[PDB]
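Residue 341 is where the first sequence starts when you use the authors' numbering, and the numbers rise one by one after that.
The beta carbon of each residue, even a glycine, is placed where N, CA and C say it ideally should be.
Contents: one structure, followed by commentary.
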Amino acid sequence: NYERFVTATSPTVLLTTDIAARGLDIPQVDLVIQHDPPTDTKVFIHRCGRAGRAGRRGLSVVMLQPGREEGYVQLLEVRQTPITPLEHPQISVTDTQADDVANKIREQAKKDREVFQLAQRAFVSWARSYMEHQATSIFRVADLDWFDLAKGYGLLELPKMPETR
RNA sequence: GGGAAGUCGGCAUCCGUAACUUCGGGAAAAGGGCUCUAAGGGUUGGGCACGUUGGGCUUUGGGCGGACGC
Ligand SMILES: [Mg+2]
């Protein structure tokens, strides 16, 4: 999987955990998006430098859910690594049209049996990773409206987590 | 009964009632579950057609044997 990345000439995207977050200076790299804010507050800076290297425009953007975890903006401000809001794309969201293209995954989940149990094991794994977030003042499991992550992750049926609804 | 009135000098404590506790196993949700880091039992298993090569289904011929028996 690593070799086919670095040798590919067509536009490519890796889907990775923190494996490629520190050190690897892959060439011709331009874009990073952070689907989940780092659980450790010291790998964001390293992750940004994965897109950068020398002169090249480093498209480093991170998502943030609405709520108190907007404060990740000024958490890094006092990290002395200021982060500004996105301006360059400025194409934000299509709202329901973003929901029904996320729906385009859900019937694919219906079509494919194996992708069914892959879904929650992805969900519970994310549930475990959030519960252990080091900063227990900006990230919290309490104010976590669940039924839109199932919509966000295209989950067919929210499993038997401790929280019941 | 009196009270020095004689003489110098008399003296695992036990039962009932109300809360509390031992042994073993065990970090990292609860009772489908995080990153990285090393081992995570072995053995065997890559499709479909063509003209193509080989022996593999009829046909043709040859050779060695030409035999056995009379
Ligand atoms: Mg380095």
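Do you know offhand how far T436's Cα is from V455's?
24 Å
So, helix, strand or coil for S465, using DSSP?
helix
Among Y342, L489 and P378, the one whose alpha carbon lies nearest that of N443
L489
To which residues of the same chain is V402 closer than 8 Å at the C-beta, ignoring the five residues directly before and after it?
Counting only Cβ-Cβ distances below 8 Å, and skipping sequence neighbours, we find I373, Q374, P377, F384, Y412 and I423.
Between the alpha carbons of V464 and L498, how many angstroms are there, rounded?
10 Å
Please classify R408 as buried or exposed, where buried requires at least 16 other C-beta atoms within 10 Å of its C-beta.
exposed
Could you check whether the Cβ of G398 sits closer than 7 Å to any heavy atom belonging to ligand 1?
no
Backbone CA spacing between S469 and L404 [nearest angstrom]
16 Å
In chain order, what are the residue ranges of uninterrupted alpha helix (DSSP H) at least 4 long that sit wholly in the segment 355-433?
Counting whole runs of 4 or more residues, the segment 355-433 contains the alpha helix (DSSP H) stretches 384-391 and 412-417.
Could you check what DSSP says for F487 in three-state terms: helix, strand or coil?
helix
As assigned by DSSP and simplified to three states, the class of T349
coil
Nearest-angstrom Cβ-Cβ length linking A449 and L484, presumed shorter than 8 Å:
Rounded, the Cβ-Cβ distance is 22 Å, inconsistent with contact.
Using CA atoms only, rank isn't needed, just tell me which of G392, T381, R446 and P429 is closest to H473.
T381
With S400 and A391 assumed to form a contact (beta carbons below 8 Å), what rounded beta-carbon distance in angstroms separates them?
5 Å
Could you please give the first and the last residue of the uninterrupted alpha helix (DSSP H) stretch that includes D435?
Here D435 belongs to no alpha helix (DSSP H), and DSSP marks it neither H nor E.
Between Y493 and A462, is the Cβ-Cβ spacing less than 8 Å?
yes
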